[PDB]
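The residues making up each chain are set out below.
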Amino acid sequence: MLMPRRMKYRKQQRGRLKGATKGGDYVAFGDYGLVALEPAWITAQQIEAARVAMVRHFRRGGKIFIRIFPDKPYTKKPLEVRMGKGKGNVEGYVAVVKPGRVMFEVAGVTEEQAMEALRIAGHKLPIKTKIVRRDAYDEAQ
Amino acid sequence: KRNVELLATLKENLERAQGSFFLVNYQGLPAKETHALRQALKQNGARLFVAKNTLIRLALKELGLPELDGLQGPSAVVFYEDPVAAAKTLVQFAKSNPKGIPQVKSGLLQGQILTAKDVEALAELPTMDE
Amino acid sequence: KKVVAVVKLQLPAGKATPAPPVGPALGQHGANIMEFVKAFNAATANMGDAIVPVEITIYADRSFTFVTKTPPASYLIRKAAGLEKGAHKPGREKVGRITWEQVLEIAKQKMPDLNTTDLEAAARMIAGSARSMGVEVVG
Amino acid sequence: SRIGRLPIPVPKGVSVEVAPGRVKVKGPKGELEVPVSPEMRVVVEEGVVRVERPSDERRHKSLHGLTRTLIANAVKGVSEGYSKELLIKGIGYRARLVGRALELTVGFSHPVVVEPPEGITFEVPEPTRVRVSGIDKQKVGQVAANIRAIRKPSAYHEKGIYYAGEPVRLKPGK
Amino acid sequence: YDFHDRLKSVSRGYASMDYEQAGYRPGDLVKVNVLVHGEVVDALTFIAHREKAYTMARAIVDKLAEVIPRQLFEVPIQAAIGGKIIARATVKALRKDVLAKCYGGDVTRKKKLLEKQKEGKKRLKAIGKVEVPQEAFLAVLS
Amino acid sequence: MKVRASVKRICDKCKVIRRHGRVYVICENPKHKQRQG
Amino acid sequence: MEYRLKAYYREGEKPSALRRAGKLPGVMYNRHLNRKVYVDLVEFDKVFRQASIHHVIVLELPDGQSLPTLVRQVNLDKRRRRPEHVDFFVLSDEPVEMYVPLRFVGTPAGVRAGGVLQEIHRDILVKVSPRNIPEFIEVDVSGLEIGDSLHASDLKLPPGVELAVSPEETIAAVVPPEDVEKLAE
RNA sequence: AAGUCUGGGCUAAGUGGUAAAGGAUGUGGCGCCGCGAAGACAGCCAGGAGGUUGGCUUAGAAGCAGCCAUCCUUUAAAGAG
Ligand SMILES: [Mg+2]
Ligand SMILES: [Mg+2]
Ligand SMILES: [Mg+2]
Ligand SMILES: [Mg+2]
Ligand SMILES: [Mg+2]
Ligand SMILES: [Mg+2]
Ligand SMILES: [Mg+2]
Ligand SMILES: [Mg+2]
Ligand SMILES: [Mg+2]
Ligand SMILES: [Mg+2]
Ligand SMILES: [Mg+2]
Ligand SMILES: [Mg+2]
Ligand SMILES: [Mg+2]
Ligand SMILES: [Mg+2]
Ligand SMILES: [Mg+2]
Ligand SMILES: [Mg+2]
Ligand SMILES: [Zn+2]
């Protein structure tokens, strides 16, 4: 499951989940995207949970383009320890997802098939989602 | 939209390839015993025009745009219209009145008949066979 | 003393053992079940093998009757490409083949059957039997 | 499409008075009464009833049918009349008419006493057929459904009381 | 097995069988061994078809758990033949006690009592010989 | 009778009624019978 | 092929207020002109879903001054995924860089195994005169195994019609197509 | 204490008067394509047929476990379902 092969800083500051996406608000590889409606931190294992459900569903065939990558370390303190004493230790990765974000993209698959894959995938996810089909707006981008 | 152009360019093309057609209510036999009183309706005649089988008020209103004297002997009930003028009929309509008669409960009772270009009646198209 | 019949099966050529379903209704017959391998594998030692269907009917005093048909389009082509089994995964995997005439000479064998009296229509279905098992047709 | 907008015959001779809220529907078999929405318009005509709705708002449009069929149903019932017959499948199972009342003998340590109500007529022709009949349609449909549920059908055995010609589908025991 | 309660319940109690007849077989023998904690139990050892044996194996160990009274460690139940394993059963131990008197709550005092228990849920495993008194009418009867 | 947050249709013979406040699923195959609860 | 759309001019009007009344902000321009214009949403949606940025939307300006334009870019509301404001390039006669759709004519050999034809570009970039807008442009994908790549340097090219983007540019691939049989590793 | 104020919509849950993923023939409103006097949609009454088990598979898979693939005469039509 995805995570930076290496980095510079072990932990990093939480930040804030404000605005709409800075990039990738348009389908740009396949024919069908899953897009994000609320903002949240999507965790390395969720992306994977969602990828798998689609592969399992296509079973042989299609391509899957996943367009969020989890590079934000997510820290936690040991259970039952007290406040202070330092920063938590890395416990996994999220990627930060903000509304209008195209997360996954399937291709070489029947419309019937795709929307049942991209739909299941969206159940794996902690946020609200919308399935869409590479418009023409997205080609003008 | 979207026929009058589809098949209505076909319903009076192979119903007016002469002037001696009929009308029989063809449906009530199983698709094997219905592809038998039709598939063998090419062995009472030439070509391959048994019953044209298509829509009343798309035949009974194709009987106005071809002006075939308005085939008015029966266009209510099931409609198939024996194209007996895209064949070789005469008393080959006998080779289609013992078939769907001496099999099952009245297998294909008839409707209309235009005798050369004259209305050949109902009570008078049945024994134009025997 | 068992009633009349109207039996509808689908039995192969050669393999004629009393083993079912040459029984579950063919015992409602007292069926002369070995009359198959003789009367049938005599005229049909000319095709070779393959499932030639059979419509048998019993009557009052316990006896039968039938007139069978012809072997699959999946047989007459299997011998004409050196093939026992098809290809496991058709459409992409070709093992043996058949020419525009080798497909025509086959319609010749199964013509008193289907429906079309055409050689242009019949062999299409034979040509349709081509891709169905993965055997290619030479252009 | 559409149902209240549909002619109610009045096959002679069958009265159809109109008072507040309720209609009446009289005939040879008997006399009735039907609750109607005061905001539904009733029309007795040249021997043909029909009723009309103020609007196309979901209430009225639905109030239509019900008020139509419910009045219509009365007609066709003082007219001819309503009835269901029944079907006591199952071996030991029997029923004899007793007095005006219906006796069932069906599997239980006591046979069971069904006394009809006003307007219901109990007809036991043979051992295994019960005929319930009358002018109140619902009452019939109802009463006939009491009788059945005094021993509904099994799922493993054709056995029990059944509607006049209702199917049987069963599942295997073992 | 396959035959009697079935044989009829299948046919609705009509029909019948007689086996006199004793031929022999070249087929497959596969017999699976059942192990409790790894202490292979001889009595529960059973003998079946390679496909059936494969099918039975889940039931044996799983049917096991209700059976084996608890011993102080996580307690292996497994079923297998000739060194590969058809089945798994694990029995919980858990002879927990120790934290039951800490309340102040240094996170670390809580850990100390489980460092001695983690040594104890190990030491006891390596010298553990384990038993089951009857109730085999139950596990591996079925 | 099933009871769920997600009542849905299992086959083409299942109908979705809505009685007395609740969303039911009815079907000639009883196993499919549901009540949103 | 080429379309018509009913643009109206606009002045100081508040963009958000146009938007409110189903109208969509824009502005048309070239070497010479540059004028503040608006167009109806639904009108433009239909036209655009059909036209894209390959063909020629003609503009029914509110004075019989009808103009031949190409959509240079549509700006999208990143959030609720609607278009926000178009640009209209007015065509002259000197050749204009723009985008012509691609026709991947044929089914590859890669599928006919299980593969996936990944169409990298669904259009290309070429300087051509506004006379000759080859509204399709086809490619021989038919001879394609898996692990097969196609580059712009193939590609037929009409009259005529210069590739804008350097020939080494990749436009097509057939790719392995997932597999649950993989995965479990 | 002061409007049972004035007009135009919604809501039938006592929602308003304490929550989420998710579910839903609840009820509304605008904009856009569909099939409809070749009579559409819903019940009905017909038919729903052939080479053909499609080859692989397998112990049996014959439209309908699962891999592949998706053709023609009848014709009013009828999916290698
Ligand atoms: Mg989290
Ligand atoms: Mg944290
Ligand atoms: Mg922390
Ligand atoms: Mg801290
Ligand atoms: Mg979700
Ligand atoms: Mg950019
Ligand atoms: Mg405490
Ligand atoms: Mg569920
Ligand atoms: Mg139902
Ligand atoms: Mg829009
Ligand atoms: Mg007051
Ligand atoms: Mg007032
Ligand atoms: Mg009002
Ligand atoms: Mg309240
Ligand atoms: Mg409340
Ligand atoms: Mg709703
Ligand atoms: Zn159902």
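As deposited, the entry is annotated with X-ray crystallography as its determination method and 2.90 Å as its resolution.

It is worth spelling out the interface of chain G and chain A at this point. Taken together, the 25 residues of chain G in the interface contact 35 residues of chain A. Looking at the side of chain G that touches chain A, the elements with two or more residues in it are α2 (41-51), β6 (66-77) and β9 (116-119) of chain G. Here the residues of the side of chain G that touches chain A sort into twelve nonpolar, three polar and ten charged.

Residues and elements named next belong to chain G. Across the sheet, which stays open at both edges, the seven strands sit in the order β1-β5-β6-β7-β3-β4-β2 with mixed pairing between neighbours. Edge positions in the sheet fall to β1 (3-5) and β2 (8-9), since each has one partner strand and no second. Across four bridges, the pairing between strand β3 (residues 23-29) and strand β7 (residues 82-90) is parallel. Within β7, the position partnered with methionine 28 by the bridge is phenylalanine 88. Against the sheet, α2 touches β1, β2, β3, β4 (34-40), β5 (57-60), β6 and β7, its axis set at about 160° to β1.

Residues and elements named next belong to chain C. Each assigned domain of chain C is listed here: domain 1 (1-69) and domain 2 (70-138). Just the C-alpha atoms count here: the centres of domain 1 and domain 2 sit 27 Å apart. The interface of domain 1 with domain 2 comprises nine residues on the first partner and seven residues on the second. When the residues that make up the side of domain 1 that touches domain 2 are grouped by side-chain class, the tally is five nonpolar, two polar and two charged.

The next thing to look at is the pattern of salt bridges. We note a salt bridge from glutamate 139 of chain A to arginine 134 of chain A, for which the minimum N-O separation is 3.0 Å. Note that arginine 50 of chain D is salt-bridged to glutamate 52 of chain D, the shortest N-O span being 3.1 Å.

Attention now goes to the side chain of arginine 122 of chain G. Structurally, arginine 122 of chain G is set in the loop between β9 and β10 (123-128). Among the polar contacts listed, one links the side chain of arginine 122 of chain G to the backbone oxygen of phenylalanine 29 of chain A, at a separation of 2.7 Å. Among the polar contacts listed, one links the side chain of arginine 122 of chain G to the side chain of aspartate 31 of chain A, at a separation of 3.4 Å. For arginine 122 of chain G, the contacting residues outside a window of four places in its chain are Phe29, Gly30, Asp31 and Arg134 of chain A together with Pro101 and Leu102 of chain G.

The subject of this paragraph is the pairing of β5 of chain G. All names here are of chain G. With three bridges joining them, β1 and β5 adopt parallel strand pairing. In the sheet register, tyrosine 3 faces β5, and the bridge partner there is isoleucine 57. Across four bridges, the pairing between β5 and β6 is antiparallel. The residue bridging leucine 59 from the neighbouring strand is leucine 67, located in β6. Hairpin connection from β5 to β6: five residues lie between these consecutive antiparallel strands, with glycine 64 at a positive phi of about 65°.

Residues and elements named next belong to chain D. Judged by pairing direction, the sheet is antiparallel, and its three strands sit side by side in the order β7-β8-β9 without closing on themselves. Every other strand in the sheet has two partners, leaving β7 (97-98) and β9 (112-114) as the edge strands with one partner each. Of the strand pairs in this sheet, β7 and strand β8 (residues 101-104) are connected by two bridges, and their pairing is antiparallel. Across the sheet, residue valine 98 finds its bridge partner in β8, namely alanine 101.

Before going further, it helps to examine the arrangement of the chains. The chain pair with the greatest number of contacts, out of four pairs of chains in contact, is formed by chains A and G. Spatially, chain B is disjoint from chain C: no contact exists, and the shortest C-alpha separation is 9 Å. Structurally, chain A and chain D remain out of contact, their C-alpha atoms never closer than 33 Å.

So, on to the packing of aromatic side chains. Judged by centre distance (4.7 Å) and plane angle (50°), the rings of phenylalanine 36 of chain C and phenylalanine 40 of chain C are tilted. Placement of the pair is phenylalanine 36 of chain C and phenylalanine 40 of chain C together in helix α1 (residues 35-43), with a separation of four residues, close to one helical turn. The interplanar angle of 40° and the centroid separation of 5.9 Å between the aromatic rings of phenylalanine 64 of chain C and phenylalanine 66 of chain C together place this pair among those described as tilted. Ring-pair connections join several aromatic residues into one group, and the members of that group are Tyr137 of chain A together with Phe44, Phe48 and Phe88 of chain G. The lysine or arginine in question, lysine 84 of chain D, covers the ring of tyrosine 163 of chain D, its NZ or CZ lying 4.6 Å from the ring centre. The cationic tip of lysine 89 of chain D hangs over the ring face of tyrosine 162 of chain D; the distance from NZ or CZ to the ring centre is 4.6 Å.

Moving on, we come to the environment of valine 138 of chain C. Residues and elements named next belong to chain C. Inspection of the secondary structure assignment puts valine 138 in the segment after β2 (136-137). Considering only alpha carbons, one finds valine 138 and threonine 117, 21 residues apart in sequence, at a separation of 25 Å. In this view, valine 138 contacts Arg97, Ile98, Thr99 and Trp100; residues no more than four positions away in its chain are not counted.

Our focus in this paragraph is the pairing of strand β11 (residues 131-134) of chain D. Residues and elements named next belong to chain D. Where strand β6 (residues 82-88) lies against β11, four bridges are found, and the strand directions are antiparallel. Its bridge partner being in β11, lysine 84 is matched across the sheet by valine 132. Examined bridge by bridge, strand β10 (residues 121-123) and β11 share three bridges and lie antiparallel to one another. Looking at β11, one finds that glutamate 123 is bridged to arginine 131.

What follows concerns the packing of helix α1 (residues 44-58) of chain A against helix α2 (residues 111-124) of chain A. Residues and elements named next belong to chain A. Running from N to C, α1 and α2 point in directions that differ by 150°, and their axes come no closer than 8 Å. Put simply, α1 runs roughly antiparallel to α2. Considering the relative orientation of α1 and α2, their crossing is right-handed. Note on element contacts: α2 touches α1 through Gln113, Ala114, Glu116, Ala117, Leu118, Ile120, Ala121 and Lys124, opposite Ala49, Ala50, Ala53, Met54, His57 and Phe58. Residue classes in the contact of α1 with α2 are distributed as ten nonpolar, two polar and two charged.

What counts, and at which threshold
Residues numbered from 1 in each chain as written, not as in the entry; some residues may be left out. Chains lettered and ligands numbered in written order. Part of a larger assembly, values for the part shown. Heavy atoms only, no water. Residues with missing side-chain atoms left out of burial classes, pairs and counts. Contact = heavy atoms within 4.5 Å. Helix = DSSP H or I, 4+ residues; strand = E, 2+ residues; numbered from the N terminus. Nonpolar A, V, L, I, M, F, W, Y, C, P; charged D, E, K, R; others polar. Pairing = 2+ DSSP bridges. Axes fitted to C-alpha atoms, helices over the stretch in contact; angles between N-to-C directions. Domains from an automatic or database assignment. Salt bridge = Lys/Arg side-chain N within 4 Å of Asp/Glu carboxyl O. Polar contact = N/O pair within 3.5 Å; in protein donor to acceptor, adjacent residues only side chain to side chain. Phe/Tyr/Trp six-rings, centres within 6.5 Å; stacked < 30°, edge-to-face > 60°. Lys NZ or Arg CZ within 6 Å of the ring centre and 35° of its normal. Parallel < 35°, antiparallel > 145°, perpendicular 65-115°, else oblique. Left-handed = near helix turned anticlockwise from the far one by under 90°.

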